[PDB]
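Start counting the sequence shown at 6; every next residue gets the next number (the working numbering). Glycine is no exception: its CB is placed at the ideal position from the N, C-alpha and C atoms.
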Amino acid sequence: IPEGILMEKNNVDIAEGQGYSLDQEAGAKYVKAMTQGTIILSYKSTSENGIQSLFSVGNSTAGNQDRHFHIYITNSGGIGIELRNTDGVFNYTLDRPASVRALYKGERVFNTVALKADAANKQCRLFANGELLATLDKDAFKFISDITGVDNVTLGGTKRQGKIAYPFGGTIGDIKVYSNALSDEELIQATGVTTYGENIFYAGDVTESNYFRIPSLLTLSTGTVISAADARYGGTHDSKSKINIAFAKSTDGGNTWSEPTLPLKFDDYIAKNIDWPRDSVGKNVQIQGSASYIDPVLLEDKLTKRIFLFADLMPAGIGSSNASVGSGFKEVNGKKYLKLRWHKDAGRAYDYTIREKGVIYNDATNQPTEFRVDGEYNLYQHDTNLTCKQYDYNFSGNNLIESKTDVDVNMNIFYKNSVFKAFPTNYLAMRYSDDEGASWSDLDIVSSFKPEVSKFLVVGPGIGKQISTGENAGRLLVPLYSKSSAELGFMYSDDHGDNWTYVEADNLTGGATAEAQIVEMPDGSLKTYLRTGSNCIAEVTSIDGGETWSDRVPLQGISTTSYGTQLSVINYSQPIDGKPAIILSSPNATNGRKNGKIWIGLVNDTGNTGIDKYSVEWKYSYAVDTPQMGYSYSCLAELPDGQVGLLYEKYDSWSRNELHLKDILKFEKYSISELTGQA
Ligand SMILES: CC(=O)N[C@H]1[C@H]([C@H](O)[C@H](O)CO)OC(C(=O)O)=C[C@@H]1O
């Protein structure tokens, strides 16, 4: 077996189910006996077949169907390999979901993939579109030379008992088979030749997070486009984990993005890049004692030009599912104050309050203590800043070890080792900025209005809304949802963000996930679209600036799952087909978060008044990729040019099989021409 390229083929069209034989290639004899090596190939799949082998080498004879090696892709964008010589001898597998795509902007596109079988390092590595996807370490290194009775080298399928299995359909742009193991750098470079859309936040950036979720995108009146997202450090798990809120902006219409910042973050647990295990056991493990911020909402007050960032604030070890029932506040002298528990009192004895100027009072004696908190809620004892040891987290097999380090961080009321601990329910936090993110204000916990009977009261991630016309012109609104007297809710402000008022939009006590986004009608009335626990997206209308809302009505014609997925709906500044238009994004499949689509809805005046004044005709739908390709949370934004920007999760964020995937938050842009099927 010579050193270097053993075989190369270009521009091979493969009819679905036919495959293509490489047995007469000069180097087939070498490829059939490879002890290690590298395979790199460019392809365009035109088939919807479940599993599609790109390249294979094996035994095609009767009874030898489990004797082969193949690199394959799935119609859902997964990619992987199977190295087999019957299960009793060996069955090595490696894969990663949502690694490749099929369609981009209405046309089938090429993807570049690579498999590296490194004998010297006893390791197998998969790459695709500039990314290292997965790694397999085996003490008993095996390759093609280890398969019994190899008799074929095939493109577009795997020969099993004389039949073409895992049938590919499309074009193999180029395939190169090397006897040697190329470097990871060479492969990142080689496969990186085909990329689609761009990343704002990514694994390796200054956030020090390997994972991201929950996108927020907003174009400011100044033309600057801003964005935010959960920077999920301990895998992609929801709260009761270590999560911070990342932020970035673009001053060139979304072409390039600034070095990300972390406006909302906690330091009780270190922020670091860690590969979370994806095996059947480890994937379920999450960080237990860390505080976190989760689900961002961005909003601009066009009058003052001030921007706001809201997010749920989870005390140490808390998430929505394990939050305690209560507001977290106590009323004294008619005023609500954040309540605290001295670490040496009874488990549920919150006999202290944070009052004016952060001074902590003893409620029993009604006298101030020697403690106080600053604008960041960090503790001070007699004007000295208190501190505690920061925690680190590492896996020891399938067990996640959370241990204290020697690093001192400021003691915060939301940390597990604080001497004064906040009530274990969730809070609503916010910071404002008058310089587009160069600096942010102190931490403002606006949830003093949280019903004492509620388990959780959280935000509907995405963007907020400011009424532009009518009697309530200027009012700021942020969507909320909860497990309490109401499900859907909202908080609004008439004094440009200084103070907020809570509104219950229904009387549902089930606590279903009613994440919503708000859109304004021509006369200033509002229509809110929301996720529900039923098989449809719901619509509610308000004619009094969000103070009262109509009963839910299903959004007819736009399919979804029972559990649902967050959606994005925005106003568009110019008319489409001569009418006011709103744009909606959401996965369209009835099972699984996949088949994402962008819809354009035209506003019609029915001729009636009040709640029934307007009707929306969802005239256009745009499919982002093929039907099985993953698509979850998203956020649309009208860019300074006519375009519509989209920051979304390109995978299935609900699936227990697609957890902990890096670089799945993508940014794409589309013209109204594209969106309306007008090419
Ligand atoms: C605060 C919080 O936990 N938010 C999470 C929310 C929630 O858990 C709910 O009950 C519905 O699943 O769900 C999801 C989700 O991908 O489905 C993402 C959010 O980040």
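Closest by C-alpha distance to residue i, when choosing among the options
i           : options            : result
residue 203 : 683, 679, 677, 669 : 669
residue 302 : 566, 483, 552, 590 : 483
residue 314 : 43, 250, 64        : 250
residue 462 : 477, 476, 518, 480 : 518
residue 143 : 37, 153, 152, 128  : 128
residue 554 : 442, 106, 533      : 533
residue 18  : 329, 74, 164, 174  : 174
residue 579 : 544, 624, 649, 564 : 649
residue 324 : 292, 352, 54       : 292
residue 545 : 361, 618, 23, 411  : 618
residue 719 : 121, 11, 372, 63   : Not covered by the structure: residue 719. The range shown for the chain is 6 to 684.
residue 300 : 107, 319, 284, 287 : 319
residue 489 : 476, 147, 332      : 332
residue 583 : 624, 560, 597      : 624
residue 338 : 360, 191, 328      : 360
residue 379 : 362, 393, 367, 387 : 362
residue 500 : 152, 193, 311      : 311
residue 43  : 269, 342, 11       : 11
residue 260 : 677, 160, 658, 673 : 673
residue 159 : 526, 93, 351, 77   : 77
residue 428 : 505, 525, 322      : 322
Sequence-distant residues of its chain with Cβ nearer than 7 Å to residue i (five each side left out)
i           : result
residue 444 : 438
residue 520 : 465, 466, 486, 535, 536, 571
residue 207 : 668
residue 605 : 581, 586, 588, 624, 625, 680, 681
Buried versus exposed, by CB contacts within 10 Å (16 or more), residue i
i           : result
residue 177 : buried
residue 254 : buried
residue 685 : Absent from the model: residue 685. The displayed extent of the chain is 6 to 684, so no value can be given.
residue 246 : buried
residue 661 : exposed
residue 317 : buried
residue 188 : exposed
residue 1   : Only positions 6 to 684 of the chain appear in the structure, and residue 1 is not among them; the question remains open.
residue 155 : buried
residue 340 : exposed
Cutoff 8 Å; reference residue i; Cβ partners in own chain excluding five residues on either side
i           : result
residue 639 : 220, 571, 572, 573, 590, 591, 601, 651, 652, 653, 654
residue 68  : 166
residue 357 : 344, 345, 346, 347, 365, 366, 367, 368, 374, 425
residue 53  : 80, 631, 632, 633
residue 110 : 675, 679
residue 264 : 210, 211, 253
Beta-carbon proximity of residue i to residue j, cut-off 8 Å
i           : j           : result
residue 222 : residue 230 : yes
residue 542 : residue 531 : no
residue 414 : residue 395 : yes
residue 214 : residue 134 : no
residue 599 : residue 627 : no
residue 240 : residue 274 : no
residue 539 : residue 567 : yes
residue 495 : residue 551 : yes
residue 91  : residue 71  : yes
residue 621 : residue 607 : yes
residue 364 : residue 377 : yes
residue 102 : residue 663 : yes
residue 116 : residue 48  : yes
residue 374 : residue 367 : yes
residue 417 : residue 271 : yes
Cβ shell of residue i (< 6 Å), same chain only, five flanking positions each side left out
i           : result
residue 15  : 179
residue 96  : 89
residue 45  : 119, 181, 195
residue 81  : 633
residue 513 : 492
residue 615 : 548
residue 399 : 406
residue 266 : 252
residue 455 : 332, 462
residue 24  : 159, 161, 162, 169
Residue i: CB within 7 Å of a non-hydrogen atom of ligand 3
i           : result
residue 317 : For the structure depicted, ligand 3 is absent and the ligand set comprises only ligand 1.
Please specify which runs of the alpha helix (DSSP H), each continuous and at least 4 residues long, are wholly inside the stretch 141-221, giving them in chain order. 189-196
What alpha helix (DSSP H) runs, 4 residues minimum, are completely inside the stretch 510-538? Counting only runs of 4 or more residues that sit fully inside the stretch 510-538, no alpha helix (DSSP H) segment turns up.
In chain order, which beta strand (DSSP E) runs of at least 3 residues are fully inside the stretch 34-82? Fully enclosed beta strand (DSSP E) runs of 3 or longer: 42-50, 56-63, 72-79.
Suppose only complete runs of 3+ residues qualify. What are the beta strand (DSSP E) ranges in the stretch 81-129, listed by chain order? 84-90, 96-101, 116-123
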